Amino acid sequence: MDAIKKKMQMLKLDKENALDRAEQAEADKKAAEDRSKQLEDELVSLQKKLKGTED
Amino acid sequence: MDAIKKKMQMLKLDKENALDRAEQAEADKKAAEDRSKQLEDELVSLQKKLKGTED
Amino acid sequence: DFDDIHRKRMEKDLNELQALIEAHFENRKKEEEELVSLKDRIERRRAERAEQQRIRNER
């Protein structure tokens, strides 16, 4: 037939598109999270040196 | 027919789950990156305050 | 997770459904074979009626 092929292929394409988009988003989320952790760690030391400077 | 409809329904359940996961991951990325950039801005303001204290 | 058991459930659903699909495939297929044999004996009946009718008409 004809309809089954096109519908099935389009739906599998939709699933694959959503999956890859989710993977890209999660990768960027993990990278941003680690960079945020770095920012926290540096900010604490910045606060410590600021406190010493103020003393 | 009979089996074809059920197979289509399976292909649609995969569609919904993949699309929902993709959207949720995208929202997670947006939230995490906003968190990181706000932390970076806080770090910048701390640098400027340290500069004023140094002056 | 809940997604895992849901996946296994729709999985066995697909399995039983395709099973019954192939099953009624086979059943209707046997029925079509029987109907084909019916058509064949039907054409046999057409031919025999034709020849006996023609014999009657000849006489």
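Going by the structure above, here's the rest.
Draft legend 1. Expanded view of the overall build of chain C. Per the secondary structure count, chain C includes 1 helix and 0 strands. The C-alpha radius of gyration computed for chain C amounts to 25 Å, which surpasses the reference 10 Å derived for 59 residues by more than 25%, pointing to a less compact arrangement than a globule. Overall size of chain C, expressed as C-alpha extent along the three principal axes, is 85 × 10 × 5 Å. Looking at the 59 residues of chain C, the share that counts as buried comes to 7%. As displayed, chain C has an accessible area near 4,900 Å², and 56% of this comes from carbon and sulfur atoms. When the 16 basic and 17 acidic side-chain charges of chain C are each reduced to a single mean position, those positions are 10 Å apart.

Draft legend 2. Here's a closer look at the overall build of chain A. Counting its regular elements, chain A contains 1 helix and 0 strands. Rg of the C-alpha trace for chain A: 24 Å, well past the compact-globule value of 10 Å for 55 residues, more than 25% over. Seen through its principal axes, chain A has C-alpha atoms that stretch 80 × 10 × 5 Å. Across the 55 residues of chain A, 16% fall into the buried class.

Draft legend 3. Broad picture of the environment of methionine 10 of chain C. With respect to the helices and strands, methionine 10 of chain C occurs in helix α1 (residues 2-58). For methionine 10 of chain C, a relative accessible area of 15% puts it in the buried group. The residues contacting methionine 10 of chain C, other than those within four sequence positions of it, are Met10 and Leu13 of chain B.

Draft legend 4. Seen up close, the interface of chain A and chain B. Contact residues are listed per partner, giving 25 residues for chain A and 26 residues for chain B. Note on chain A versus chain B: buried area summed over both sides is about 2,500 Å², and carbon and sulfur give 73% of it. Broken down residue by residue, the surface that chain A buries against chain B is led by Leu11, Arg21 and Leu46 of chain A, which jointly contribute 20%. In this structure, the connection of chain A to chain B is made through 4 salt bridges. Between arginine 35 of chain A and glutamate 40 of chain B there is a salt bridge, with its nearest N and O atoms 2.3 Å apart.

Draft legend 5. Layout of the packing of helix α1 (residues 3-54) of chain A against helix α1 (residues 3-54) of chain B. It is the contact of α1 of chain A with α1 of chain B, at a shortest axis distance of 7 Å, that shows an interaxial angle of 20°. Between α1 of chain A and α1 of chain B, the angle falls in the class roughly parallel. By crossing handedness, the relation of α1 of chain A to α1 of chain B is classed as left-handed.

Draft legend 6. Quick look at the arrangement of the chains. Of all 2 pairs of chains in contact, the one with the most contacts involves chains A and B. As for chain C relative to chain A, no contact occurs, and the smallest C-alpha gap between them is 15 Å.

Draft legend 7. Representation of α1 of chain A. Between its first and last C-alpha atoms α1 of chain A spans 75 Å; for 52 residues at 1.5 Å apiece the expected length is 76 Å, and the two agree. Listed as buried for α1 of chain A are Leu11, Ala18, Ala22, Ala25, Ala32, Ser36, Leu39, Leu46 and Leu50 of chain A. Looking at the buried residues of α1 of chain A, the elements they touch are α1 of chain B.

Draft legend 8. Quick peek at the interface of chain B and chain C. Residue-level contacts link 6 residues of chain B with 8 residues of chain C. When chain B packs against chain C, the two sides together hide about 670 Å² of surface, and 86% of this comes from carbon and sulfur. The largest share of the area that chain B buries against chain C comes from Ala3, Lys6 and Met10 of chain B, three residues that together contribute 54% of it. One can count 0 salt bridges joining chain B with chain C. Residues of the side of chain B that touches chain C, tallied by class, amount to 3 nonpolar, no polar and 3 charged.

About the cut-offs
- Residues numbered from 1 in each chain as written, not as in the entry; some residues may be left out.
- Chains lettered and ligands numbered in written order.
- Part of a larger assembly, values for the part shown.
- Heavy atoms only, no water.
- Helix = DSSP H or I, 4+ residues; strand = E, 2+ residues; numbered from the N terminus.
- Rg over C-alpha atoms; globule rule 2.2 N^0.38 Å.
- Buried < 20%, exposed > 50% of the residue type's maximum accessible area, 1.4 Å probe, protein only.
- Areas by Shrake-Rupley, 256 points an atom, 1.4 Å probe, with all protein chains shown as cover.
- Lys, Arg positive; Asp, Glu negative; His and termini not counted.
- Charge placed at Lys NZ, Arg CZ, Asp CG, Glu CD.
- Contact = heavy atoms within 4.5 Å.
- Buried area = accessible area lost by both parts, 1.4 Å probe.
- Salt bridge = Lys/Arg side-chain N within 4 Å of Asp/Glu carboxyl O.
- Axes fitted to C-alpha atoms, helices over the stretch in contact; angles between N-to-C directions.
- Parallel < 35°, antiparallel > 145°, perpendicular 65-115°, else oblique.
- Left-handed = near helix turned anticlockwise from the far one by under 90°.
- Expected span 1.5 Å × (residues − 1).
- Nonpolar A, V, L, I, M, F, W, Y, C, P; charged D, E, K, R; others polar.

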